[PDB]
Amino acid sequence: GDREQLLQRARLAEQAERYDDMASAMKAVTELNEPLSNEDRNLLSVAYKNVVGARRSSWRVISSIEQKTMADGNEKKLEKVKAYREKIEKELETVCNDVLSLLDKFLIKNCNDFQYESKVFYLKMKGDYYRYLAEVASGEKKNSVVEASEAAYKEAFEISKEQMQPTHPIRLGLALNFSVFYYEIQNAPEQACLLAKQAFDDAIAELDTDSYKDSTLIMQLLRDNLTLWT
């Protein structure tokens, strides 16, 4: 047991693009009950985003094949497509539940009242993984994670508005994802368009401010989504 050895394994796994190893290593680092630095937060976020992203992409492909099979009326094939979709789905939920458990027990819990940057980062992360759960759920099960997603996002947004500049990349990313939540997950395009437009306009008004590349790309993404949502 050694924190530095785990972080090295996380970095080695990332270079080899073995993100399950990288997520497992950063899961153990978080479980040491010691705070995560900015680099540590990046390694944890990168690892699990890649792990869940592979499940999300695989789920979307199989889900669309499931619908096409359903329309064609092929009941025998549909049962086999659904079995694979459910198998992929449970992996996705396990990944999200692992991240949410890490956040609710180690990361968010151990934040001080003055560690605003970490608190915004973790609360946004909590909204993201509840949103990923909401993507594959329906009915009362969806509403449960949808409500949890919105609650995490809003507390993060309120803290970021009070403590972060409008061109802070963390605040911009949170606004981007929070607007995505309103549009895709809960079918509120006007609410999504209003929020994306607020953050983009607020960022332009203070565009006279070293981390430009990180902030600039998210700003383009905010405009791109606004163009798509018209």
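From 1 onward, residues are counted along the sequence shown.
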| query | finding |
| --- | --- |
| Count class of coordinate-free deposited residues lying between the neighbours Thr209 and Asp210 | 1 to 3 |
| Given 59 to 67 and 165 to 173, the range whose Cα B-factors average higher in the PDB entry | 165 to 173 |
| Residue range whose averaged C-alpha B-factor is higher in the record, 18 to 26 or 217 to 225 | 217 to 225 |
| Residue with highest C-alpha B-factor in the PDB entry, from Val46, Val180, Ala205, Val52 | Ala205 |
| Top residue by Cα temperature factor, when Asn74, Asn110, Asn97, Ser149 are compared in the entry | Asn110 |
| Ranked C-alpha temperature factor of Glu117 among modelled chain residues, by third | highest |
| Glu140 CA temperature factor, ranked by third within the chain | middle |
| For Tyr130, the third of its chain into which the C-alpha B factor falls | lowest |
| Third of the chain, ranked by Cα B-factor, where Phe106 sits | middle |
| Relative C-alpha B-factor of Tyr84, binned into the chain's lowest, middle or highest third | lowest |
